[PDB]
C-alpha cells in the first residue's frame, strides 16, 4: 500500500485493548491542555518520504503526539529533539507545532508502538502487535541508510524487524552496527525527560548522534 493508505488504515487500528482505551482516556486528564483537540489515535510517522535517516522512538506521549498527532510533538521529548535536529542541519526550524510548516531534510520520525501507553511503557504483546505497522511504514522508506534507535526497547524492535540477535547488538549510547548494503544501525539513550533532565543524555551527546547519522547517510 502507499502512504495515503497506510495512514488511513493505521489510524483505524484498535488491536491493543489497553492502548485503545488509554489513548482516549487521557484526553482532558491534563488540565493544562483540557479543551484542546486531541488526536487520540495511532500516530503516523512524520518527515521526508524520501528520508535517508530514520529516528525510531518508543511510543507516543499521552499529552505529546497523542495530543498533537505528530511524533514527539507537544511534550518534553520534542522540546529536546526538534531544536537539535535543526542545529544538526536536518530541519527547517527549531520548533514543531501541529499545523506548522516544519519540514525535515532527509529524516523521518516514528516509533515502535504508535499508541500512547501508560507510564510510556508498552508491553511485549503491544510491541509485537505494532510491529506489523513497522513493517508497512519502513517498507515505504526504501532509501533509509541509517536507523537511529532511541532507547533499548526501540533498538530491540529494530533488531527484531531485521532478524538480528539481541546478544550481538547490545544496547549502549553510541553503539554503531553496520548492516548489509551500506546500512547502519545507531543507538542512543532515549530522549525522554528522565534522561535529559538528569543529564544522562546531554544536548551535545545527542547532537553527536545526529552528526554521525548524517555522516553515515552520506548527508
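Positions refer to the first chain, counted from 1.
**Q** For the C-alpha atoms alone, is the average B factor greater in 131 to 139 or in 114 to 122, going by the entry?
**A** Higher mean C-alpha B-factor: 114 to 122.
**Q** Comparing average C-alpha B factors as deposited, tell me which of 23 to 31 and 156 to 164 sits higher.
**A** Comparing averages over the C-alpha atoms only gives 23 to 31.
**Q** Highest Cα B-factor in the PDB entry belongs to which of 51, 191, 186, 59?
**A** So the option with the highest C-alpha B-factor is 191.
**Q** Tell me which of 201, 209, 15, 12 tops the list for C-alpha B factor in the record.
**A** Within the set 201, 209, 15, 12, 201 shows the top C-alpha B-factor.
**Q** Give the position of residue 97 by CA B-factor within its chain, expressed as the lowest, middle or highest third.
**A** Tercile = middle for this residue's CA B-factor.
**Q** Sort the modelled residues of this chain by their C-alpha B factor and say whether residue 76 lands in the lowest, middle or highest third.
**A** For residue 76, whose C-alpha B-factor we compare with every modelled residue in the chain, the answer is the highest third.
**Q** Lowest, middle or highest third: which one holds residue 177 when the chain's residues are ordered by CA B-factor from the entry?
**A** Ranked within chain, residue 177 CA B lands in the middle tercile.
**Q** Lowest, middle or highest third: where is residue 151 by C-alpha B factor in its chain?
**A** As the PDB entry reports it, the C-alpha B-factor of residue 151 lands in the middle third of its chain.
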